[PDB]
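Residue numbers (the UniProt record's numbering), protein chains in the order written: chain A, 678 to 725; chain B, 1 to 105; chain C, 1065 to 1257; chain D, 914 to 991.
Just so you know, even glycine gets a beta-carbon here, dropped at the ideal spot from N, CA and C.
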Amino acid sequence: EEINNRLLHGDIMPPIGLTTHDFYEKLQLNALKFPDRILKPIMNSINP
Amino acid sequence: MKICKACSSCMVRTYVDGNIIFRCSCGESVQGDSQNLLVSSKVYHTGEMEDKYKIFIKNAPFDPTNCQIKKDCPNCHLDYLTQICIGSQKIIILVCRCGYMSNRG
Amino acid sequence: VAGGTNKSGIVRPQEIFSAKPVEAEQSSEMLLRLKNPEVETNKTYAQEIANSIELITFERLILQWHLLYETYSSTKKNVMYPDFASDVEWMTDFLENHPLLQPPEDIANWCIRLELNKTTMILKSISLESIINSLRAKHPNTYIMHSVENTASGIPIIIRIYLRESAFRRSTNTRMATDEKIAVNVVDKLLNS
Amino acid sequence: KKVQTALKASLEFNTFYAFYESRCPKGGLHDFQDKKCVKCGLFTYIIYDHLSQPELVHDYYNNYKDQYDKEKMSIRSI
Ligand SMILES: [Zn+2]
Ligand SMILES: [Zn+2]
Ligand SMILES: [Zn+2]
C-alpha cells in the first residue's frame, strides 16, 4: 500500500533504463513475497 | 494537402527553383504561400498524449467502473475523487463531476 | 516473455539448434568485465559505466519532428511555416550567442524542426549541450540551431537542423531520387544517430 | 509518530539519492575521480549511506533540493 502512496504523490522516480510502470511493477513483486518467518506459525501448528 | 479550386481534386506537389508548386490533373497550377511548407511530420508517444485521453478523462467522473479515492474535492467539497493512472510513466489524475481535475487542466 | 528477453517456451534452444543469426535472437545477452580490478570493487563506478553503455538514439529523445521546405538567412526574411513562425524569437538569440556558428552560404530549402521530450532528457540525464555535439560531430553536412535549455515547464526545447546543399551533392548522379527523397533519407539518418 | 516522521525523512533522502545515483545535477552522468564527482560535490560513500556522516548528507541535499523538486514536478506532468 505504501508503494501506491508513493505513486500517488509522485515519489517514485525510476532509475536510468526503467520506466515508472516497470519500476512500480518491480517494487510490487518484491514487496509481495512471503518472508522466511512464514514457517514460524506453520511449524508451531504441527508436530514434526 | 492542396485541393484544386476547379475540380476539388488532390493536387500533386513538386518543387521548382526554391518554391512549392502544386499541379493538378486538370492543368490548374497554384503555388502555396505559407501553410503548405510541411513536407512530412511524425508524433512520438501517441499512446500516452493528453489529446488521446481527453474524452476518457472527461467521462471518468461518471464512469462507475473507475477507482475512487477518499480525498476532498477543492471545488465542490465532495469528499471523494476519481483516481486514474494513465501512461507508461503512471501519471495520476484526480477528477470530479463538478469539472475539477488535478494537474490544473 | 517480453521483447528483448523472450525466454518462453522453446525459443532459445531453437536459436541454438537452428543456428539462427544474431539478428533473429530474441534473448541475446552479454557480460562485460571492467578493465580495472580496483573499479570492479566499487558498485557506483560499475553503475555509472553500465549507464554509460546504453543505446540512446536521437529518435527516442524526440516527441515530434517536422520537415519544412525552408532556407534560413540572417538578414533576408524568408518564408516560414505559420504554426512555427514564433521560432524566430529564439533564432536571434542563437545568432548573438554564437559569433562563430554563423549560417553557411549553401543552405538548401529543407528544414527539420525538432521538439525534444524534456521528460526523457531528465530520466536519462541527457543535457542539451551533449546532443548538439553528438549531432554536429556525426553530420558535417548540416547546420543546427537550438533554443535555450529551459528549466521552466511549458516552454519546450527546439532543435532546428538545416540541410546544406552538399547533402545532395553526396550522390545526386543517381537521379532516381528527388530532393524530397534525400531529405527524408537524411532525417532517418539524423534520428538513428 | 516518531516512526512515521523518521520514515518520511529517510524515504525522502533515499528517493533523492536514488535519483542522483548516476544522474548528475550538472547534466549527464557522474564523473568520479578521487572518490568525488567533479561536476557536483557528490561522494561515493554518501549515495548508499545517510547515517554515518549525516552532515555531508544534509549539505549535498541542501545544494540541489529545489532543482530536484522542479525535475520531480516536470516528470509527473503531461
Ligand atoms: Zn484540378
Ligand atoms: Zn468536485
Ligand atoms: Zn556529479
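- prompt: Under 8 Å between C-beta atoms, does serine 1191 (chain C) make it to chain D?
  reply: Numbered from 1 along the third sequence, position 127 holds the residue referred to as residue 1191 (chain C). Yes, because at least one Cβ of chain D sits closer than 8 Å to the Cβ of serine 1191 (chain C).
- request: Closer than 7 Å, Cβ to Cβ, to anything on chain C: give me those residues from the segment 13 to 44 of chain B, in chain order.
  value: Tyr15, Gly18, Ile20, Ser34, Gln35, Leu37, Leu38, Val39, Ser40, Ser41, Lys42, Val43 and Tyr44
field: Stretch-stretch touch, CB-based, cutoff 8 Å, three pairs: the segment 1163 to 1178 of chain C with the segment 1123 to 1140 of chain C
entry: yes
Status (buried if at least 16 other CB within 10 Å, exposed otherwise) for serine 923 (chain D): Counted from its first residue, the fourth sequence places residue 923 (chain D) at position 10. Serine 923 (chain D) is exposed by the Cβ-count criterion.
- request: Classify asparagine 1173 (chain C) as buried or exposed, calling it buried when 16 or more other Cβ atoms lie within 10 Å of its own Cβ.
  value: As a working note, residue 1173 (chain C) is residue 109 in the third sequence. When all chains shown are included, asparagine 1173 (chain C) counts as buried.
query: Ends of the alpha helix (DSSP H) at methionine 986 (chain D)?
result: Residue mapping note: residue 986 (chain D) aligns to position 73 of the fourth sequence, counting from 1. Note, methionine 986 (chain D): alpha helix (DSSP H), 978 to 988.
field: Secondary structure of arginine 1234 (chain C), DSSP reduced to three states
entry: Here the question's residue 1234 (chain C) lines up with position 170 in the third sequence. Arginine 1234 (chain C): coil per DSSP, three-state reduction.
query: Taking only runs of the alpha helix (DSSP H) that begin and end inside the segment 1126 to 1213 of chain C, which ones reach a length of at least 4 residues, in chain order?
result: 1152 to 1161, 1182 to 1187 and 1192 to 1202
message: Counting C-beta neighbours from all protein chains within 10 Å, is the total for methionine 1209 (chain C) 16 or more, i.e. buried, or is it exposed?
response: As a first step, residue 1209 (chain C) is located in the third sequence; it is residue number 145 there, counting from the start. Flag for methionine 1209 (chain C) reads buried.
message: If the criterion is Cβ atoms closer than 8 Å, does the pair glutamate 48 (chain B) and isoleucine 3 (chain B) meet it?
response: The residue given as residue 48 (chain B) occupies position 48 in the second sequence. The residue given as residue 3 (chain B) occupies position 3 in the second sequence. In this structure, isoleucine 3 (chain B) does not lie closer than 8 Å to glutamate 48 (chain B) by Cβ.
query: Within this structure, are the beta carbons of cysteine 10 (chain B) and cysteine 26 (chain B) separated by less than 8 Å?
result: Position 10 of the second sequence, counted from the first residue, corresponds to residue 10 (chain B). Position 26 of the second sequence, counted from the first residue, corresponds to residue 26 (chain B). Against a cut-off of 8 Å, the Cβ pair of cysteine 26 (chain B) and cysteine 10 (chain B) comes out as no contact.
query: For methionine 1094 (chain C), does the count of other Cβ atoms within 10 angstroms reach 16, so buried, or fall short, so exposed?
result: In the third sequence, the residue the question calls residue 1094 (chain C) occupies position 30. Under this definition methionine 1094 (chain C) is an exposed residue.
- prompt: Is it right to say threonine 1139 (chain C) is buried, meaning 16 or more other beta carbons lie within 10 angstroms of its own, or is it exposed?
  reply: By 1-based counting over the third sequence, the position of residue 1139 (chain C) is 75. So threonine 1139 (chain C) ends up on the exposed side.
- request: For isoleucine 91 (chain B), return the contacting residues in chain D, with the cut-off set at a CB-CB distance below 7 Å.
  value: As a working mapping, residue 91 (chain B) is identified with position 91 in the second sequence. The answer, in chain order, is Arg989.
Where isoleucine 693 (chain A) meets chain C, residues with beta-carbon distance less than 8 Å: Indexing the first sequence from 1 puts residue 693 (chain A) at position 16. The contacting residues are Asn1115, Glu1118, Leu1187, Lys1188 and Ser1189.
field: First through last residue of the beta strand (DSSP E) which encompasses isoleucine 1223 (chain C)
entry: On the third sequence, position 159 is the one that residue 1223 (chain C) refers to. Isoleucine 1223 (chain C) -> beta strand (DSSP E) spans 1222 to 1228.
field: CB contact below 8 Å: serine 9 (chain B) versus chain A
entry: Locating residue 9 (chain B) in the second sequence gives position 9, where the first residue counts as 1. By this cut-off, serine 9 (chain B) is not an interface position.
message: Using only the alpha-carbon positions, how far apart do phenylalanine 700 (chain A) and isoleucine 1080 (chain C) sit?
response: Residue mapping note: residue 700 (chain A) aligns to position 23 of the first sequence, counting from 1. Residue mapping note: residue 1080 (chain C) aligns to position 16 of the third sequence, counting from 1. The straight-line gap from Cα to Cα measures roughly 32 Å.
message: Any beta carbon of chain B sitting closer than 8 Å to that of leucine 684 (chain A)?
response: The residue you call residue 684 (chain A) lines up with position 7 of the first sequence. True, the Cβ-Cβ gap to chain B drops below 8 Å.
- prompt: Which residues are close to ligand 2, meaning CB closer than 6 Å to any heavy atom, in chain order?
  reply: B:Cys73, B:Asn75, B:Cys76, B:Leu78, B:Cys96, B:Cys98 and B:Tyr100
- prompt: CB-CB under 6 Å to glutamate 28 (chain B), same chain, minus the five flanking residues each way: which ones, in chain order?
  reply: To locate residue 28 (chain B), count along the second sequence from 1; it is residue 28. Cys4 and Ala6, listed in sequence order.
query: Given that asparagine 1205 (chain C) touches chain D, what residues does it touch there, using C-beta distances under 8 Å?
result: Position 141 of the third sequence, counted from the first residue, corresponds to residue 1205 (chain C). The contacting residues do not exist; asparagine 1205 (chain C) stays about 27 Å from chain D at best.
message: In whole angstroms, give me the CA-to-CA distance for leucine 1119 (chain C) and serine 990 (chain D).
response: By 1-based counting over the third sequence, the position of residue 1119 (chain C) is 55. By 1-based counting over the fourth sequence, the position of residue 990 (chain D) is 77. Those two C-alpha atoms are separated by around 25 Å.
query: Can you list the residues of chain A that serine 88 (chain B) reaches, using a CB-CB cut of under 9 Å?
result: Here residue 88 (chain B) refers to the residue found at position 88 when the second sequence is read from its first residue. By Cβ distance, chain A contributes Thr696, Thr697, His698 and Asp699.
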